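Here is how names work: the chains are called A, B, and so on, in the same order as the sequence lines, proteins then strands, and each is numbered from 1. The analysis underlying the following values was restricted to heavy atoms, covering all of them including side chains, and did not include hydrogens, waters or symmetry mates.
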Amino acid sequence: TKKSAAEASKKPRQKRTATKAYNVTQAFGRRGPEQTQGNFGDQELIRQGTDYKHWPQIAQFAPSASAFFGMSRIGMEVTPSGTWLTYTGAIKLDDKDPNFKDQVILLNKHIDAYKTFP
Amino acid sequence: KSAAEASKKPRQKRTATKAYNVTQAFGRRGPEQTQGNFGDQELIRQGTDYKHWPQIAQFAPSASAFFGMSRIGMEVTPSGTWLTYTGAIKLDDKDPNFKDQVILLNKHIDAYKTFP
Ligand code: NA
Ligand code: NA
Ligand code: NA
């Protein structure tokens with residue numbers, strides 16, 4: 001059985017897994033433009049999280065823990081709200097992957113799509 | 001899993017170990033805009049074999065959280081097509097281990113500057 005929102009929400013934010021039972025908004029907040037918000041997901045992905053039909057083709061771009069700390073620029077920022085570990089980086093698509101073109105289409109479908117929402 | 005084997009993975013799915021270290025998997029640490037800056041000499045040489053690796057990895061995002069928390073972009077350039085990401089993970093300052101967590105993270109951030 002799928003974990004309830006009550007149970008899944010007990011994980012620290014960065015270790016949460018969105019599903020139909022605990023969706024992207026519930027886990028990670030509303031998509032939005034601010035520096036603190038995520039901007040990724042169309043309505044279907046938002047509602048289904050890792051249950052989304054094309055989730056594996058998105059997750060193939062998410063970094064391992066080793067790669068996350070190995071590839072990114074990591075910083076620390078202390079503010080009246082708290083202490084933050086900051087990260088930035090870039091992941092290259094493999095243009096020799098037979099599914100390259102579909103990967104671009106899939107990613108374009110989800111980037112900043114919240115701007116079109118009712 | 002040798003260097004030859006582990007290197008077959010896409011960069012973002014690599015696992016650094018003593019046999020395939022952070023430099024070999026992810027490049028030299030450095031200051032440039034998409035070079036990694038994280039790791040003292042011990043971490044660089046051992047990767048996920050570092051004995052305090054669990055206290056670092058507790059801050060690494062799941063795939064769901066990576067795509068849920070971050071600001072994601074795409075850039076096309078002479079080098080290819082890139083997925084860009086930025087974000088921030090809040091430490092829990094009510095955790096009694098908070099101060100040790102800050103110390104452990106600062107031990108590795110930009111530490112490359114102090115060695116060749
Ligand atoms: Na679906
Ligand atoms: Na295809
Ligand atoms: Na780079």
**Request:** Mark yes or no for whether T84(B), through its side chain, and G73(B), through its backbone, hold a donor-acceptor pair below 3.5 Å.
**Result:** yes

**Fill in**
Residues at least two apart in sequence or cross-chain that pass side chain to side chain contact (heavy atoms under 4.5 Å, CB included) with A59(A), listed by chain then number, are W55(A), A63(B)

Could you pull out every donor-acceptor pair under 3.5 Å between side chains of residues 109-116 of chain B and any protein atom, sequence neighbours left out?
| unit_1 | atom_1 | unit_2 | atom_2 | d |
| --- | --- | --- | --- | --- |
| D110(B) | OD1 | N37(B) | ND2 | 3.2 |
| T114(B) | OG1 | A111(B) | O | 2.9 |

**Minimum-distance pair of heavy atoms, taken over all atoms of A25(B) and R14(B)** = O-NH1, 3.0 Å

**Message:** Tell me whether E77(A) at atom CD has more than 12 heavy atoms from other residues, nucleotides or ligands lying less than 6.0 Å away.
**Reply:** no

**Item:** For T25(A), side chain to side chain contact (heavy atoms under 4.5 Å, CB included) partners two or more places apart
**Value:** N23(A), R30(A), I46(A)

**Message:** Taking the side chain as everything from C-beta on, heavy atoms only, tell me whether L85(A) gets closer than 4.5 Å to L91(B).
**Reply:** yes

**Asked** Is it true that atom NZ of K1(B) has more than 12 heavy atoms of other residues, nucleotides or ligands lying nearer than 6.0 Å?
**Response** no

**Fill in**
Contacts of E44(A) meeting salt bridge (charged side-chain N to carboxylate O under 4.0 Å, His left out) (sequence neighbours excluded), chain-then-number -> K53(A)

**Request:** Check whether any side-chain heavy atom of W84(A) lies under 4.5 Å from a side-chain heavy atom of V78(A), and answer yes or no.
**Result:** no

**Note, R11(B) side chain near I91(A) side chain (heavy atom, < 4.5 Å)** = no

**Residue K107(B) excluded, over 12 heavy atoms near NZ under 6.0 Å** = no

**Message:** Nearest 0.5 angstrom please: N106(B) CG to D40(B) CG, how far?
**Reply:** 12.0 Å

**Asked** At their closest point, which heavy atom of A18(A) faces which heavy atom of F28(A), and how far apart are they?
**Response** CB-CE1, 4.1 Å

**Request:** Determine which pairs satisfy salt bridge (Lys or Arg N to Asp or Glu O under 4.0 Å) with at least one residue from residues 59-74 of chain B, sequence neighbours left out, and list them in order.
**Result:** none

**With sequence neighbours excluded, residues passing side chain to side chain donor-acceptor pair (under 3.5 Å) with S64(B)** = none

**Any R45(B) side-chain heavy atom under 4.5 Å of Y50(B) side chain** = no

**Request:** Tell me, please, which residues at least two apart from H52(B) pass ring-ring contact (aromatic ring centres under 6.0 Å, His included).
**Result:** none

**Request:** Could you tell me which residues satisfy ring-ring contact (aromatic ring centres under 6.0 Å, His included) with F69(A), sequence neighbours excluded, listed by chain and number?
**Result:** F38(B)

**Prompt:** Can you list the residues that meet the ring-ring contact (aromatic ring centres under 6.0 Å, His included) rule with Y22(A), with sequence neighbours excluded?
**Reply:** none

**Request:** Without swapping roles, check the side chain of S70(B) against the backbone of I72(B) for a donor-acceptor pair under 3.5 Å.
**Result:** no

**Fill in**
Sequence neighbours excluded, the answer for salt bridge (charged side-chain N to carboxylate O under 4.0 Å, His left out) partners of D49(B) is none

**Prompt:** Does some side-chain heavy atom of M76(A) sit less than 4.5 Å from a side-chain heavy atom of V102(B)?
**Reply:** yes

**Prompt:** Any chance NZ of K9(B) has more than 12 other-residue heavy atoms, nucleotides or ligands included, within less than 6.0 Å?
**Reply:** no

**Item:** Any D102(A) side-chain heavy atom under 4.5 Å of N99(A) side chain
**Value:** yes

**Prompt:** What closest approach, in Å, do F59(B) and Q55(B) show between heavy atoms, and which atom pair accounts for it?
**Reply:** CE1-O, 3.5 Å

**Prompt:** Which atom pair, heavy atoms only, marks the closest approach of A65(B) to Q14(A)?
**Reply:** CB-O, 3.3 Å

**Asked** Are any of the side-chain heavy atoms of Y85(B) and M71(A) separated by less than 4.5 Å?
**Response** yes

**Request:** Applying salt bridge (charged side-chain N to carboxylate O under 4.0 Å, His left out), name anything that partners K10(A), two or more places apart in sequence or on another chain.
**Result:** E7(A)

**Item:** Sequence neighbours excluded, every pair satisfying salt bridge (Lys or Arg N to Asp or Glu O under 4.0 Å) that has a member inside residues 79-99 of chain B
**Value:** none

**Asked** If we only count heavy atoms from C-beta on, is the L43(B) to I56(B) side-chain gap below 4.5 Å?
**Response** yes

